[PDB]
Amino acid sequence: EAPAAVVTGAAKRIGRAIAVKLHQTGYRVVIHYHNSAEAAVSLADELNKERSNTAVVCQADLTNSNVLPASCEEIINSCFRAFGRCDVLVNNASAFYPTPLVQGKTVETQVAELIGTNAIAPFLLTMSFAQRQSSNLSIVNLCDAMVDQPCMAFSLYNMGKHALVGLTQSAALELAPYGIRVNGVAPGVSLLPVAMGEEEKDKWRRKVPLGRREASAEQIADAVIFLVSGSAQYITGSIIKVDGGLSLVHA
Amino acid sequence: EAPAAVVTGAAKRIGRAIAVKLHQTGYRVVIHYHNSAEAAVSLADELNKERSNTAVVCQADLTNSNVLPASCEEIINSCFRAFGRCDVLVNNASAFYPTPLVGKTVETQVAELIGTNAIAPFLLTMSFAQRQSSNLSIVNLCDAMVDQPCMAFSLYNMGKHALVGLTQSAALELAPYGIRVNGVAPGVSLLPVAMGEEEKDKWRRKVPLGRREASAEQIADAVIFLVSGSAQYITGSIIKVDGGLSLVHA
Amino acid sequence: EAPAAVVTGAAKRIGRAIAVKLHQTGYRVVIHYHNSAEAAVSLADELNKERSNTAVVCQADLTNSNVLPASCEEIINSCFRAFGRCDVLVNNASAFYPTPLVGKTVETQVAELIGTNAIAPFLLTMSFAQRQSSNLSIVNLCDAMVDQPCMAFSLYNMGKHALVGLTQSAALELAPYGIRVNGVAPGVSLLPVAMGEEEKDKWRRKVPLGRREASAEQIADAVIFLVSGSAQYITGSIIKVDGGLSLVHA
Amino acid sequence: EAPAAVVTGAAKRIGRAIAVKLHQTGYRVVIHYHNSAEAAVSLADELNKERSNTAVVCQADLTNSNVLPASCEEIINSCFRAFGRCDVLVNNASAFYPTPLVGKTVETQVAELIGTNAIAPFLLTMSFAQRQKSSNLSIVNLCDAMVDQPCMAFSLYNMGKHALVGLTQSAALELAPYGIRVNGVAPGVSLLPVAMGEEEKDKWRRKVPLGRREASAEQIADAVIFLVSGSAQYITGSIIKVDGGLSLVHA
Ligand SMILES: NC(=O)c1ccc[n+]([C@@H]2O[C@H](COP(=O)([O-])OP(=O)(O)OC[C@H]3O[C@@H](n4cnc5c(N)ncnc54)[C@H](OP(=O)(O)O)[C@@H]3O)[C@@H](O)[C@H]2O)c1
Ligand SMILES: NC(=O)c1ccc[n+]([C@@H]2O[C@H](COP(=O)([O-])OP(=O)(O)OC[C@H]3O[C@@H](n4cnc5c(N)ncnc54)[C@H](OP(=O)(O)O)[C@@H]3O)[C@@H](O)[C@H]2O)c1
Ligand SMILES: NC(=O)c1ccc[n+]([C@@H]2O[C@H](COP(=O)([O-])OP(=O)(O)OC[C@H]3O[C@@H](n4cnc5c(N)ncnc54)[C@H](OP(=O)(O)O)[C@@H]3O)[C@@H](O)[C@H]2O)c1
Ligand SMILES: NC(=O)c1ccc[n+]([C@@H]2O[C@H](COP(=O)([O-])OP(=O)(O)OC[C@H]3O[C@@H](n4cnc5c(N)ncnc54)[C@H](OP(=O)(O)O)[C@@H]3O)[C@@H](O)[C@H]2O)c1
Ligand SMILES: Cc1ccc(-c2c[nH]c3nc(N)[nH]c(=O)c23)cc1
Ligand SMILES: Cc1ccc(-c2c[nH]c3nc(N)[nH]c(=O)c23)cc1
Ligand SMILES: Cc1ccc(-c2c[nH]c3nc(N)[nH]c(=O)c23)cc1
Ligand SMILES: Cc1ccc(-c2c[nH]c3nc(N)[nH]c(=O)c23)cc1
């Protein structure tokens, strides 16, 4: 019987690439999304056309609130409801925007969205994943290769991603006895933002030593599939940079 | 006249030591506290008896919530209302207890542990910076053991990791204003009052330098250095004060 | 036609498993060795029996000395002599023993520990680069415990740190030629051959993931990944393969 | 009576500032140098004119060789010969130049860059510890804040400074039971090379978040003085960046 994976924010871009590559490898998938309903359903349609009854969608806001634990518990539940098991969790969903320290959304909302999606939701999903559990169980957290050389005015986002590194490490430690491995993949510049202009995209491209280009979504996904695979059976607590050398380059 | 500092969680233990040492250096201080009202007020008395009009208290819960931004703004304000300036911020207040992955609801655990260790420091940093030769700086109390965390302390460790990110991000962003941002990372210091000596001693034996915990004063020494004129080029730095504990393999 | 790889210290244990998996994946291999001539020869014989003339041996001392650059150049030359190309370099050979601060001379200890773990990797990297659809890469066998080192292993640990520096510096510098440079960092793998099981168990008990040492094959799996087409954007990265060992506090 | 310190490469620049501040603090000092004899002697004259019999010079090449252990032992011995004790060792001397991967031989590059930056510090540390067989004994290694974002084509120099981090950690661990603390100070840009032109200096200056300028030698020295002081008695294995935020800056 085929294993199953939850991928958060899987409707587009890197999350979709991850869900697609897991599915190609044999997995049944829960494609979680927040606002991108059409794209999520369109992906599940494609995957199910390849293998019937192997993809479902699951909608949730991963902003921090007092109900976030329930929402995270329900995402995991949806995987057991559809597929009878949950082998893999990939924490990919993420809010990303500037939050300058010195002077739209209130700061309360900024905290809730940036820390919720990048850190607290991954924590709650990890709790729920673990509580529901031979086989090959693991979690992969999408981290950021540039956490120690952050973008200017992205403190909350950066705090969130640092917290995600602590979760990766703390959860690797605590869940090791249950056979659940916990690891990360840390992109540098991969698929650039949709709203970014081509000139600014090129400025970022020229900073990458290996090939002067951004990582493809498939390149990020490749690292994810390695860590979930049997070829990574002794690996836990590890974060693999997939950044083409970007984090090595001084100002 | 004399510079002013806010120290969060300053009524006892390390925060008290820090407040006292800053006061001894010539600072006026805002003693923030949450539940330890008697100790805070008694500390303010002692400091004011030493030098008049150099200490006040400010109570606040630093648990994350929709009112935390206001609370943090008011802590910073209390320094300007009392002293007319705010030169140093020390983010010391911290919740610490296990939150296993398998009485408090989990959402309360999140709020307390991520609030006190990370979000409150961010919000105080915002308010500090907005309200601004001078020697302005922030010192965050981090943890030397963040990469080898205590078992079942996920949320606490996430909080201290986020604090490292804030230290770096704020160092970068506030550098144009001359505000330095740094950390001090204890290993074992003091030990919990509720811990029995037998368990205390197991920890002491782990420390290479002396087989003892740090005194609060030793932690405070590092904070004093970072706020001083002898650290004017230092920002984004985290100084371990751990007697080598983080270097010791399992 | 088939790509080719140099694996240093490939006659036994982890380096042997690396060479075997590389060969299994389709590479022709240079099995470098120092003392273990029978095992190296026997391995090349095994691999050549599988596929004709897909393995050769190359002996060299990788201790630092005035002849080390020439020896390293000749290792790379041996790959081109045998196979007409050199796609992959795996710096695996390593001396490992204590060098307390307080019957080899210290200058010999320096030469062996720093030479095998760092200088030879550098010299091999130079020679590999100078000699250059294409998937060119280097993988350095680092150490997950480099920041929590064994007591009295300062020169070894210095070597392994220098090897991290080389991994990063070379990733940057060689990126414009399409040569990727990465590492794999074991925690405990295999354990020493003569170590009593009761001592082995003390180490095993420390590993969170399964309370056991890694197999040689599990380390090799990571190397295969880094050399593969699935890692073609990965450079300057060091993958721990340690079962969580480096996360465990004292 | 007055404690004594050895500062390597102390005739000029940062090592000179260190020696001076140690002396202003009450230490007697061994001014080690290699080629800068006139400067070393001039500094010893200035210090002794301030307080007679409190400075000596000591010449040694710290290039790696089979006699490097003897040279390092003699440096420490010279402090004991002059002053009867050796309380502080500051490993400051350092060769620095490019060694690309693709007039000096490579064996000479290796010996100089790895010798000065790493092996000599190890040997000096050994000899310091062994001679210790009322006091605040410690070692301070001059590291580099940019070791993880290294200058292009500086691999041997970078390998040296990384080994120096490992030494700092390994020796802190091993020497702790003897009451000897071992720490580091990690500049980013300080002073700038004497060779460097005004335009190129300003280019580097502009990179620094805190003040858009290089650190003074005295600013580096301040941190060294802190680490040797009674205010750092629980600090060992710590490396303090003194870089004005430079290492936080992405490409
Ligand atoms: N792109 C890069 O260069 C890069 C660089 C460094 C790190 N990373 C990391 O790699 C991962 C993927 O990057 P990406 O660029 O593909 O991400 P992205 O497009 O920015 O975000 C992925 C998804 O996050 C979901 N999301 C955002 N806010 C949410 C909320 N409040 N609740 C629930 N879901 C929410 C969105 O779902 P809907 O669209 O369904 O609303 C979105 O599709 C992220 O974890 C990211 O931080 C990426
Ligand atoms: N002790 C150690 O060994 C050690 C080790 C590593 C890092 N550190 C760090 O060093 C710092 C000081 O350590 P410590 O042992 O002195 O701390 P602590 O005694 O655990 O706590 C310091 C203070 O934090 C305040 N606090 C807790 N929850 C709060 C809330 N919800 N809102 C506002 N304030 C709250 C408390 O104030 P009230 O008492 O007034 O309620 C408490 O006195 C902390 O940041 C800690 O994480 C300490
Ligand atoms: N095993 C572990 O738990 C562990 C942990 C952390 C890191 N690592 C790293 O993983 C790698 C492989 O580990 P391992 O345990 O398999 O290593 P090992 O058995 O200790 O050594 C590997 C080989 O290194 C070669 N070697 C030693 N001195 C040499 C010299 N002077 N010149 C040339 N070659 C020399 C030897 O070749 P001959 O036999 O032919 O003389 C030896 O078979 C090493 O880089 C190691 O540091 C291993
Ligand atoms: N300057 C910076 O921006 C910067 C940045 C990062 C790190 N650092 C570190 O801080 C320390 C001091 O920096 P710096 O710019 O002041 O250093 P420097 O001027 O480049 O070199 C310091 C001294 O090293 C000695 N030295 C060089 N080769 C030697 C050899 N073979 N044997 C013995 N001694 C030798 C020289 O002594 P003689 O003059 O007597 O020949 C020289 O005065 C160094 O460790 C450096 O790596 C500096
Ligand atoms: C140039 C450029 C633009 C964006 C990123 C980026 C980093 N982390 C992110 N997390 C989310 N969720 N989405 C993103 O787009 C990014 C990195 C470099
Ligand atoms: C044995 C032992 C006990 C406690 C600590 C400790 C770490 N971080 C902390 N943060 C707060 N706020 N309070 C604490 O007490 C601690 C570490 C080791
Ligand atoms: C108990 C125990 C024994 C050895 C190791 C070990 C670490 N690094 C090593 N490098 C080489 N070359 N050979 C080794 O054997 C080791 C780790 C733990
Ligand atoms: C622009 C610029 C120039 C030099 C440095 C520098 C780094 N590490 C060094 N070590 C020694 N010994 N001497 C140096 O001068 C430097 C850094 C930035």
Side-chain angles (χ1 to χ4, degrees), chain A residues 9 13-15 92-97 114 117-118 142-147 150-151 154 157-158 160-161 186-196 200-201 203-205 207 214-215 243 246, chain B residues 9 13-15 92-97 113 116-117 141-146 149-150 153 156-157 159-160 185-195 199-200 202-204 206 213 242 245 249, chain C residues 9 13-15 92-97 113 116-117 141-146 149-150 153 156-157 159-160 185-193 195 199-200 202-204 206 213 245 249, chain D residues 250:
Chain A
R13 291 166 58 86
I14 287 163
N92 171 86
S94 162
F96 169 86
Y97 49 83
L114 291 163
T117 57
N118 288 295
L142 275 286
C143 293
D144 187 337
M146 310 295 293
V147 281
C151 290
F154 281 76
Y157 167 75
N158 192 232
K161 290 303 197 196
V189 68
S190 183
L191 296 179
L192 288 146
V194 178
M196 183 170 287
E200 186 172 12
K201 295 186 162 169
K203 181 196 92 106
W204 280 92
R205 283 170 175 137
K207 299 171 195 291
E214 75 275 26
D243 80 345
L246 180 63
Chain B
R13 291 165 60 86
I14 290 159
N92 167 87
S94 170
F96 167 86
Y97 51 79
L113 291 161
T116 59
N117 289 295
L141 275 286
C142 293
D143 186 338
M145 305 295 289
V146 280
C150 288
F153 280 74
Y156 164 83
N157 187 235
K160 291 305 202 191
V188 184
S189 181
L190 293 194
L191 298 168
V193 179
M195 180 174 290
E199 197 178 357
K200 287 193 185 151
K202 285 186 206 290
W203 280 92
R204 293 169 170 143
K206 299 176 204 286
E213 74 273 29
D242 81 348
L245 176 70
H249 64 67
Chain C
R13 291 165 56 90
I14 286 163
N92 169 85
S94 169
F96 172 83
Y97 52 81
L113 290 165
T116 57
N117 284 297
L141 272 289
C142 295
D143 187 340
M145 303 298 292
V146 73
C150 286
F153 276 74
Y156 165 78
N157 183 244
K160 291 304 200 189
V188 190
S189 180
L190 298 180
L191 291 156
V193 64
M195 175 180 279
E199 207 194 340
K200 290 195 183 91
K202 291 175 189 165
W203 284 97
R204 287 176 178 139
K206 304 178 172 166
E213 70 278 26
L245 178 62
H249 65 68
Chain D
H250 67 71

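Atom set for the values below is all heavy atoms of this structure, side chains included, hydrogens, waters and symmetry mates excluded. For ligands, and for the atoms within them, numbers begin at 1 and follow the listed sequence. Letters A, B, ... mirror the listed sequences (proteins, then strands); counts begin at 1.
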Any heavy-atom pair between the side chains of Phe96(B) and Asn117(B) that's under 4.5 Å? no

Give me the nearest non-hydrogen protein atom to atom 12 (N) of ligand 6 as residue plus atom name, then the distance to 0.1 Å. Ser94(B) OG, 2.9 Å

If you measure from each non-hydrogen atom of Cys150(C) to ligand 7, which part falls under 4.0 Å: side chain, backbone, both or neither? neither

Hey, which atoms in ligand 7 end up nearer than 4.0 Å to a heavy atom of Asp143(C)? 8 (N)

Ignoring hydrogens and angles, tell me if any N or O in the side chain of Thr117(A) forms a donor-acceptor pair with the backbone of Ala93(A) under 3.5 Å. no

Can you tell me how far CZ of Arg13(A) sits from CG of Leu191(A), rounded to the nearest 0.5 angstrom? 5.0 Å

Expected output: side-chain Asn158(A) to main-chain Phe154(A) donor-acceptor under 3.5 Å: no

Only heavy atoms count here, so choose which of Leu192(A), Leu191(A), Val194(A) is nearest to atom 1 (C) of ligand 5. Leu192(A)

Within the 4.0 Å heavy-atom shell around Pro192(C), which atoms of ligand 7 are there? 3 (C)

min-distance protein heavy atom vs atom 14 (C) of ligand 7 -> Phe96(C) CD2, 3.6 Å

Residue, atom and distance of the protein heavy atom nearest atom 17 (C) of ligand 6 read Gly187(B) O, 4.1 Å

protein heavy-atom neighbour closest to atom 18 (C) of ligand 5 works out as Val189(A) CG2, 3.9 Å

Find the distance between NZ (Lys161(A)) and CG (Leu142(A)) and round it off to the nearest 0.5 Å. 6.5 Å

Does any N or O of ligand 6 fall below 3.5 Å from an N or O anywhere on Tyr156(B), backbone included? yes

Hey, are the side chains of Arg204(B) and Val188(B) touching, using non-hydrogen atoms and a 4.5 Å cut-off? no

For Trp204(A), take its heavy atoms, then give the atoms of ligand 5 lying under 4.0 Å from any of them. 1 (C)

Looking at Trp203(C), does the NZ or CZ of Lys200(C) lie under 6.0 angstrom from its six-membered ring centre and within 45 degrees of the ring axis? no

